[PDB]
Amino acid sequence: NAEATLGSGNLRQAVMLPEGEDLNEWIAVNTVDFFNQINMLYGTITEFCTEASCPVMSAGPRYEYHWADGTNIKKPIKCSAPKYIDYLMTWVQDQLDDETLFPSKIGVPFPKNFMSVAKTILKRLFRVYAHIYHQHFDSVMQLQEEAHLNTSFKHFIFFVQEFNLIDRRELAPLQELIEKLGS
């Protein structure tokens, strides 16, 4: 009822690095995919994620998230979940639209720091999944979309695990769910 999934191809196979494929390009195209998925899924419950419902960005009472600014030198900011996430999506889209960072042309190479950029992006995408599961799964159930959410999260976390792109300590807010979907 709650751990439902959709029909799909085998996701363990869909995240495997194809033969002869550059690892950076495989991370790039799946990162763009996963961002759009979590962006769309957060759009489904966005009217239930308000300033009053989520005064601080979190993943349950044990995991408070601050925003580490990339342009201003200041302590990571404690802010609401709508403010955190509405800025995260704009921030990630700018990285994906930047052709110095996520090149879409043939002869344009990836930067030396691409792997650190993509892992910062994927870390903050996880924080949106974690906030949805901990603070808005009730709204997810009212929209009858738990299978689509679980399948998107299953695909996303299988890719993170395939290439070890998020630290295990950061995955802690959903460790029980990761294990349940990966058995």
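Between two forms, the rigid core is the largest collection of C-alphas that superpose within 1.5 Å. Heads up: residue numbers just count along the shown sequence, starting at 1.
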{"property": "RMS CA shift, core-fitted in 6 other deposited structures of this protein, bigger for 134-142 or for 60-68", "result": "60-68"}
{"property": "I73: gap in at least one third of other compared structures", "result": "yes"}
{"property": "Per the entry, higher mean C-alpha B factor between 52-60 and 33-41", "result": "52-60"}
{"property": "155-163 versus 5-13 - greater average Cα B-factor per the deposited record", "result": "5-13"}
{"property": "Chain-relative CA temperature factor third for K123", "result": "middle"}
{"property": "Third of the chain, ranked by Cα B-factor, where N113 sits", "result": "highest"}
{"property": "Entry-reported Cα temperature factor of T100, expressed as the chain third it lands in", "result": "highest"}
{"property": "CA B-factor placement of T90, once the chain's modelled residues are sorted into thirds", "result": "middle"}
